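Worksheet for the structure shown next.
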Amino acid sequence: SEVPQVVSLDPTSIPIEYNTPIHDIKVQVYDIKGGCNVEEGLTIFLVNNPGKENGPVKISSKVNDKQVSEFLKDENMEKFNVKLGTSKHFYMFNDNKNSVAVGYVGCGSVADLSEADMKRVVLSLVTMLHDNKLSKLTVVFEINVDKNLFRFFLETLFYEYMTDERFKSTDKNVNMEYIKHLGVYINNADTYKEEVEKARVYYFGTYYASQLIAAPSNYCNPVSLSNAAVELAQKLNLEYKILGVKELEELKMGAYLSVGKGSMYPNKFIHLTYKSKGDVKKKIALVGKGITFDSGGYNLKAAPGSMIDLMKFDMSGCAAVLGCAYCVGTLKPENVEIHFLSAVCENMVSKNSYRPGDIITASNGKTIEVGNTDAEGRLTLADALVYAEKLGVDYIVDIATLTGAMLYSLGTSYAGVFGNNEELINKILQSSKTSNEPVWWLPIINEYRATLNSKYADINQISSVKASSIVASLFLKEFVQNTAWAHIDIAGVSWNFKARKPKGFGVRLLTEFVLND
Amino acid sequence: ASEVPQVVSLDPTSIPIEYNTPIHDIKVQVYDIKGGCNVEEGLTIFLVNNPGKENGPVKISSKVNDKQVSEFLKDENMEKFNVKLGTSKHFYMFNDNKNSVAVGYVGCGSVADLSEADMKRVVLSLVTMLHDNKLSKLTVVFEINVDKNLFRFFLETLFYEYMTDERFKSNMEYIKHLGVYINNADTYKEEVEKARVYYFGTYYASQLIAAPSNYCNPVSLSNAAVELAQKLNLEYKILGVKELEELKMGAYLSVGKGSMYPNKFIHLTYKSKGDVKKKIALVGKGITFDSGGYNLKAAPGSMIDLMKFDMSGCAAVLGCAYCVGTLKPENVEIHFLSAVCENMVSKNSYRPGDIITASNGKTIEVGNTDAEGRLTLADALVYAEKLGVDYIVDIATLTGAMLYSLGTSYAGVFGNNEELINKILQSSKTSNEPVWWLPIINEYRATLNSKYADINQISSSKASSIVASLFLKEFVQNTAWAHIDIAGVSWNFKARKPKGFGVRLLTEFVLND
Amino acid sequence: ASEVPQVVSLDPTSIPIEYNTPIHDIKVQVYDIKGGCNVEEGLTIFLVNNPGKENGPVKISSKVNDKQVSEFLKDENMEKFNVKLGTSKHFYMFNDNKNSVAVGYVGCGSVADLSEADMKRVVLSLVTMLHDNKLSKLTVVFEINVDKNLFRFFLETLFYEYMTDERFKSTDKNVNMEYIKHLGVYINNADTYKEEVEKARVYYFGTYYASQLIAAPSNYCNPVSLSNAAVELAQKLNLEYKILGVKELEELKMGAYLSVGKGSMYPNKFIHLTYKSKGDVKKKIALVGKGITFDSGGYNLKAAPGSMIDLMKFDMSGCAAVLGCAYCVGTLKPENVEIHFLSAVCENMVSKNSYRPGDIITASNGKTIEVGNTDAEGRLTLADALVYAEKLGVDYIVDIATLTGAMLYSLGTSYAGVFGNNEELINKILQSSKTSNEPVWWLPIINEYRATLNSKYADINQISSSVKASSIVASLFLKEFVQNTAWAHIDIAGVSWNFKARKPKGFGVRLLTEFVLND
Ligand SMILES: CC(C)(C)C(=O)N[C@@H](C(=O)NO)c1ccc(Br)cc1
Ligand SMILES: CC(C)(C)C(=O)N[C@@H](C(=O)NO)c1ccc(Br)cc1
Ligand SMILES: CC(C)(C)C(=O)N[C@@H](C(=O)NO)c1ccc(Br)cc1
Ligand SMILES: [Zn+2]
Ligand SMILES: [Zn+2]
Ligand SMILES: [Zn+2]
Ligand SMILES: [Zn+2]
Ligand SMILES: [Zn+2]
Ligand SMILES: [Zn+2]
């Protein structure tokens, strides 16, 4: 529990903001058929023109202001078009002789917005929120949107609006000022009002994961990460258990323990549990890869393009699980039992580190020949999956930044899912649709299994086939004997390279999976 | 036919092709296993397994009508051998008639349902025994469960691996008879001659791919396509440089600028005798050699010595043309297309940064001369859509990223039409040529926005297989279109030979449509 | 013995060693071919060739004491088969007593004198017949010409390849493993070859023992656990032993050897085994083996492509070969000779305590060395070991080491290179290469390259810069640490590991033993 230090200036805990400015925003949803009030702050219309690409802007909503309504006549709006991402600011006086701000955001010509298009709309909307000291924002929906995408709008809006300044000191933004009120005019308002607070939950779950990922490896260490998981569990009244080295040794987790041998931080196994009141119909284990830093070990990440400066995100799998734990622990689903697991450690270079060629024994008795110390994720997951299966669960779902090969297969937008059970895989895909975190199904090709046959050990850690994502899945499959299991590789989608910040991918995906099961 | 240019007189002027293979001379009969096996001649191999008992002992269940062989096949003798997948034993002995015979087995593991990859290992083990056999007859006894498709796949694979290409060469003898004992023999009899057609179609493609680039050039390959067309009574048309210029195929012509061999566009056609209800275009990548261009393949692992394989798309299409022209499906019209050229470094060569104009009017900024396949296919796809077909399916060794995504066993399929995707996947199942559906992610489309041209050839930077699909997608306007990337599965690296991947897949596609 | 340090309790504290192998339970019987062949239980294999006739027909010349089998193996029936090297066939038939017997052959090509490489292909072909078949007896009939050494090499290679290492198997132990209990050998002039049998069984395990160590991973085989194995072996053979720790090494001022191991969690251990004859000693020999239990390369990390860092447990081979030699010598017990088995064991790791590139260190003989590359750690350890060896007052010093990767580019994977300062000793090793059938080639120490080892500040450079012939330069470095004794250096970096078979060869054991025996 006590974080070790090299010097006194070393941080002993992860700075975490629980009360974010977003939580201070009062959100009201009105019915658009009742008319719009344009009084204070900025009012933004989400408009489109179906079939007519770059078509003119037309405000259909009734505005309860004679002056504003005249400004928004079709003749005045014709000069502007609805191209996706386009935004404009209007300045005018209303009926009560007050200066007001109005605008719009282009939503293209397609009636059904993609999750990427809606992301483009929101990102465009946030630009109007930045560098402007507004106290209230009003969004008028003049497009058709369902409950999931409406919730997705709010989640994305909240996430992008917030700015992480935990590690700023002399460069804190002197102009950062968040809105205090949020008004939303939309079709059939009563059906959408419930999505508001669910969005706020999904938001913080994602951003909590984001805070964990963005934190550097000197702040976020195997100990400090475990201490944070406890504090989270304590706040959510979740049962929690942190396994130390001695307990791991008794469980004979040689693969997981080997990875952390070269670290100054002791290995920590995170075990959070949520149990519903009443009869449990489904028991689920969510496993997150929690490598606080990945140097690669003696197979050091020194080659060009190894992205070692980023490798602090190698616990994004764990972060997604903890973020999910917040959401599950907050919304409190029924008839489910969830186990949040993470074999947390750090992959470093030392006299104590494990070497390429070392043969280690997993907690299930299988001997493993290490061919590459930078393939440490599958080793920690190996023991983690064995632990998970011993819990006697119905579903085992792991999430990990496992292979860099994902950048060559699916890229930076779609995560890959592997599994031994098509039913569970379909459940993940359905969750991907409703959570709007895109996932593509990839195969576990059994023909490659022969390349993992070790001459001396029971199995090789790596192949010597270049299809790393599939070969890694073959390895993990060997540690789930008779349980439905799925493996989500998020190595390519976890980090937003364009925005230079985490996505917190997985929180919404896993939560929708647990809730809609 | 056109005259192939030469640098020296010793330069070959034709691709050697073997049409009459020893496989075509093998008489194949299928017997029902319920009647017991007759072991009087040649080599007899039992395909056995042991379900639930991993690496379990061998036990021959079938009754054999020979006392000498029956004593050999008794359980006490066979239990000394195990059923580990691929494991083989065979013994020489005299039968009841004092004739010299050979009897043995191939282990088929402990799984009741064999994959196509498992069947490959079984066949390879079987072929090893054959390449060491002088006997005239091989008898295969199925004491395992296989359906019609897997049995035909067994025959296709056996025939293919058995055959050895010695065209460029300067022990054993091939068998004359093949006996097969299997449950429901009458049901599998129909698969025999279909397998033999799928055989040569795959092997013909293999012959073209294996043929080096000094033998297989744009002109000689087009000549081979013509000769094949004449044998199959197919309508054919070979477009030359002057006509390609008239059709304004700038993207295609730019790739072949640096070659000593003129660009040649292959157009074969199969038309049904009855009313035509479906028109299909099959498009093959036809780079006889890919040096990479001025973006030379110089980096380690760029595999420049294998770059004769860069035609595999063309070979697969031409191989399908054989199967289609032989089996002669009804109510369908199929167009076999291939923009064939050579990718070389010269003063006349296309350069990185060059802006070229495709036959559809789109200007393309070349960011990498080694991404030439999508360029040649671009004009090919524009040609294909002009034919007014229902389905367009292109197959190509397009991106090396496939080796990092699906590997060397599974090919990737991309497309703009899900129903067409499903038809390819269904064809993958029946042909036993494994293919996996990969997404065309539209969020990556923006990375192709050129500052000066209409579109970029390549991306700034990662998912190159998806980016390449996004590029090809820009050249099919209103037709169901699918794209098969076989760069990873085309070459059998372990065996040092082609697979002929795609031939059976494409044929099953047009047959079961 | 020392206690092996651990990071976690699950870290192994000893090298698993199998002394009693199934090969040791095999009874070997040798018969003269002129007496006729008996074909009964198990598998009976004929070794046939056809001199001058490439892929010629099979012809069994030996008399078979069975009417049925003799008819089966008549020339008319065997014509259909050929003698192509490595080709093998299985025969099934009933003998005179109405019993079913298994007979077969292995093709030995068309050359009358088989090379060592050809013989291994024959044996490997023979082993395939032993695998996946539950035989109780193997019978080998020699219808080819072999000398006493080649006959012994056959048995050694057969025993070695037949054996399977399952020390590190757990849930993937081969359930079908069942070794033969009897081995029959039919050969002309049998009594002359019978003496080679037990020599082969001793040479086999000596090779396999070294192989067991080499194949053993670095977390199992560390400087402490490896030295412990040497003690255990010496005790079983009643060899004198001394294991020097850091304190003793510090007192002997072995700065070069100690500097390599600075960055390791495992303390340095210097292995010193001694065999003395019970009679007057006429010859004194020191055998030095490189003993790096793992070579990460140091701060000159093995990060370049093809640097094979996952293999770097194999950096043991020299020490393992010397220990394997100690077994053969301790078992066969040669006369009038005293052998010193030496190895400076340590581990080259990256740490805060690690030695740096540029560091100047002092060897035990006073020479100062400027470190230009931490991955050239072998010659540094050998430097102190060669000084130690020469202080023993011996007649010959022979070192064996996986020293330079340049050997893969020079001699390849089959032939080891030998360097030296004494021509007569070099020729003795070459003769040992002949009799042991472990291929060794003589490579030159080119003195013109010595000037590139001239350090600006230290007495001598660890490595060169302008040569790129690392193997020769490494020898030039080592020569500077042997003042006035015949010394030879065997670089086995290329031949130690069998890449195709993914296993060690145990190269050096038979070579060094033949060297000690015939001297
Ligand atoms: C093949 C290899 C380079 C070893 C790899 O995929 N490494 C993982 C990794 O660090 N596993 O622990 C990896 C994962 C994500 C990214 Br981005 C890069 C590399
Ligand atoms: C990104 C780049 C390395 C240029 C590539 O995808 N090359 C293709 C190619 O040359 N297509 O024409 C490629 C295709 C197959 C193989 Br194997 C390697 C490279
Ligand atoms: C010149 C250099 C490439 C540094 C070399 O010879 N290295 C040794 C070595 O690491 N000695 O300690 C070496 C030895 C064996 C093999 Br395989 C590769 C490199
Ligand atoms: Zn890693
Ligand atoms: Zn990692
Ligand atoms: Zn190319
Ligand atoms: Zn190409
Ligand atoms: Zn080294
Ligand atoms: Zn070394």
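General observations
- Residue list for segment B:70-86, restricted to those being within 11 Å of chain C (Cβ to nearest Cβ) and in contact with a helix residue (DSSP H, G or I) (Cβ under 7 Å, 6 or more places away or on another chain): B:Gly86
- Complete set of residues in segment A:349-366 that are in a loop (DSSP other than H, G, I, E, B), over 15 Å from C:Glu347 (Cα atoms) and more than 7 Å from chain C (Cβ to nearest Cβ): A:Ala362, A:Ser363, A:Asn364
- Being acidic (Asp, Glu) and away from chain A (no Cβ under 14 Å) is a property that does not hold for B:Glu116.
- 3 or more residues over 28 Å from the mean Cα position of the chain (by Cα): qualifying strands (runs of 3 or more DSSP E) within segment A:1-96: A:42-47, A:87-93
- Complete set of residues in segment A:408-433 that are under 12 Å from A:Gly492 (Cα atoms) and buried (at least 22 other Cβ atoms within 10 Å of the Cβ): A:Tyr408, A:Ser409, A:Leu410, A:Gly411, A:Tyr414, A:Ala415, A:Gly416
- Unmet requirement for C:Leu244, which otherwise passes all of (1) buried (at least 24 other Cβ atoms within 10 Å of the Cβ); (2) under 30 Å from C:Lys428 (Cβ atoms): (1)
- Restricting attention to segment C:386-430 and to residues that are under 17 Å from the mean Cα position of the chain (by Cα) and either of a type in the set (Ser, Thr, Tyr) or farther than 28 Å from C:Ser464 by Cβ (or both), the residue that is nearest to ligand 2 (Cβ to nearest atom) turns out to be C:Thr413.
- For B:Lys134, the conditions (1) touching a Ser or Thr at 6+ places or on another chain (Cβ under 9 Å); (2) surrounded by fewer than 18 Cβ atoms within 10 Å (Cβ to Cβ); (3) within 11 Å of another protein chain (Cβ to nearest Cβ); (4) not β-branched (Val, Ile, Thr) all hold with the exception of (1).
- Hits in segment B:252-299 (condition: among the hydrophobic types (A, V, I, L, M, F, W, C) and either within 24 Å of the chain's Cα centre (by Cα) or under 15 Å from B:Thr376 (Cβ atoms) (or both)): B:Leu253, B:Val255, B:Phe265, B:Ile266, B:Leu268, B:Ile280, B:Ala281, B:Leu282, B:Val283, B:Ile287, B:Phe289
- When C:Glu161 is tested against (1) farther than 23 Å from B:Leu85 by Cα; (2) crowded, with 18+ Cβ neighbours inside 10 Å, exactly one condition is not met: (1).
- Flag for B:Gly353 being surrounded by fewer than 22 Cβ atoms within 10 Å (Cβ to Cβ), within 30 Å of B:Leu511 (Cα to Cα) and away from ligand 5 (no atom under 16 Å from the Cβ): no
- Considering (1) closer than 20 Å to C:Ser351 by Cβ; (2) within 14 Å of chain A (Cβ to nearest Cβ), the lone condition that C:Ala304 does not fulfil carries the number (1).
- Residues located in segment A:456-515, provided they are in a loop (DSSP other than H, G, I, E, B) and closer than 25 Å to A:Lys390 by Cα: A:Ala457, A:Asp458, A:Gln461, A:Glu478, A:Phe479, A:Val480, A:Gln481, A:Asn482, A:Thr483, A:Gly506
- If you go through segment C:173-213 and pick out every residue that is within 11 Å of another protein chain (Cβ to nearest Cβ) and out of contact with any strand residue (DSSP E or B) (no Cβ under 7 Å at 6 or more places or on another chain), you end up with 6.
- One residue from C:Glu178, C:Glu166, C:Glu143 being out of contact with any helix residue (DSSP H, G or I) (no Cβ under 7 Å at 6 or more places or on another chain), more than 24 Å from C:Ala102 (Cα to Cα), of a type in the set (D, E, K, R) and assigned by CATH to the domain that holds C:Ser61: C:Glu166
- Among the candidates C:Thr374, C:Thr362, C:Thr413, residue that is over 23 Å from C:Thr207 (Cα atoms), away from ligand 8 (no atom under 16 Å from the Cβ) and not basic (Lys, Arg): C:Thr362
- In segment B:312-348, the residue that is farthest from the chain's Cα centre (by Cα) out of those that are assigned to a loop (DSSP other than H, G, I, E, B) and closer than 19 Å to B:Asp275 by Cα is B:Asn331.
- Qualifying positions in segment B:448-496 - β-branched (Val, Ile, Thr), within 27 Å of the chain's Cα centre (by Cα) and surrounded by fewer than 23 Cβ atoms within 10 Å (Cβ to Cβ): B:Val476, B:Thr479
- All positions within segment B:379-404 that are within 16 Å of ligand 7 (Cβ to nearest atom) and farther than 17 Å from B:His335 by Cβ: B:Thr397, B:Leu398, B:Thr399, B:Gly400, B:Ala401, B:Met402, B:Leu403
- Segment B:87-108 - residue that is more than 10 Å from chain C (Cβ to nearest Cβ) and either closer than 23 Å to B:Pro51 by Cα or charged (D, E, K, R) (or both) and, of those, surrounded by the most Cβ atoms within 10 Å (Cβ to Cβ): B:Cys108
- Check on C:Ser225, among the polar types (S, T, N, Q) and not in a helix (DSSP H, G or I): no
- Index of the failed condition, A:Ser316 passing every other in (1) over 30 Å from B:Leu403 (Cα atoms); (2) buried (at least 23 other Cβ atoms within 10 Å of the Cβ); (3) of a type outside the set (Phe, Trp, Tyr): (1)
- Test: residue in segment A:371-384 that is surrounded by fewer than 24 Cβ atoms within 10 Å (Cβ to Cβ) and either within 16 Å of ligand 6 (Cβ to nearest atom) or over 28 Å from C:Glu166 (Cα atoms) (or both): no
- Flag for A:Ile291 being crowded, with 22+ Cβ neighbours inside 10 Å and more than 16 Å from ligand 4 (Cβ to nearest atom): no
- Search result, residues across segment B:482-513 that are within 16 Å of ligand 7 (Cβ to nearest atom) and under 21 Å from B:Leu381 (Cβ atoms): B:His483, B:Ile484, B:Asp485, B:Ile486, B:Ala487, B:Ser490, B:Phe501, B:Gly502
In this analysis, Cβ positions are derived from the backbone assuming ideal geometry, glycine residues included, and neighbour counts consider all displayed protein chains. All of this is worked out from the model, or read from it or from the source named; nothing here is a laboratory result.
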